[PDB]
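Structure 1 and structure 2 below are the same protein chain in two forms, each given by itself as structure tokens.
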Structure 1
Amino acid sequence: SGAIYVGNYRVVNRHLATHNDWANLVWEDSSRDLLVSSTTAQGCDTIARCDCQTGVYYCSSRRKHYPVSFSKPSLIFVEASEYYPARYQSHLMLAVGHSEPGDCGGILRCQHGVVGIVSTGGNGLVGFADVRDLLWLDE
């Protein structure tokens, strides 16, 4: 669980979106595992606009933050689940680091701000759905 709040936006993993997020939909993309919904109050997260490859993510299964090097956003094959058939998930960045199914929603961030959220993982790897290209979150 976990979301990014930037202005009147709520960014969540599309597979964990609620009835409320779908009834207030702005944008959603199954290929990225992302869903953005409208909120009434103001959100104060800063989104990073950069090409950083180092940062810190929160791992809720360990109740700890961890520093990682992560790859550049790309199309990576993701094993079938109860939410999706087997497919390439776009805009994904991988890191060596601990991850568990309930860790989805944990924020990844660099000195510039929010980079993305935990979306995939397994075998000592952790995958993050990137949000730095979503320029419209700012405006």
Structure 2
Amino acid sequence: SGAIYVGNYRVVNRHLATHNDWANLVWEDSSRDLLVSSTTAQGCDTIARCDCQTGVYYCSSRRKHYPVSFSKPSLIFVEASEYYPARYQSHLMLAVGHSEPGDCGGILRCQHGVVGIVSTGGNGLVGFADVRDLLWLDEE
């Protein structure tokens, strides 16, 4: 689990979004495994605006932060999970690293702030849904 809180926005894995997330839907993209919902409280997270390919992610299944190199946001074929059928996910970034189902929502960050959240895993690879292209997250 895990979320990004920036301004009046909550960013979560679409597949972990709650009733309240869907009741306050701002934007969702099934191909990206992202959902954004509105918040009453002002969020403090800074979204990275950059093309960094290195950063640190939180891995709940190891209670550890790992430094990783990751690929640029891409259309990548992702195997069946249970939450999704074996399909293409867009704006996905892979790194060599540990990822289990409950690691989703783990934040990936560089020096410029939040890059994305854990979205996929398996075969010793971790996939991160990019948020750095969502410029609208940093106004109203």
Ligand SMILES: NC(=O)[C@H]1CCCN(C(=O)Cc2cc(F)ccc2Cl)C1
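Residue positions are counted from 1 along structure 1's sequence. Definition used throughout: the rigid core is the maximal C-alpha set that superposes within 1.5 Å between two forms.
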item	value
Form selected (criterion: the form solved in complex with the ligand)	1
After superposing on the core, C-alpha shift for residue 87 between structure 1 and structure 2 in angstrom	1.3
Angstrom shift of the Cα atom of residue 119 between structure 1 and structure 2 (superposition on rigid core)	0.0
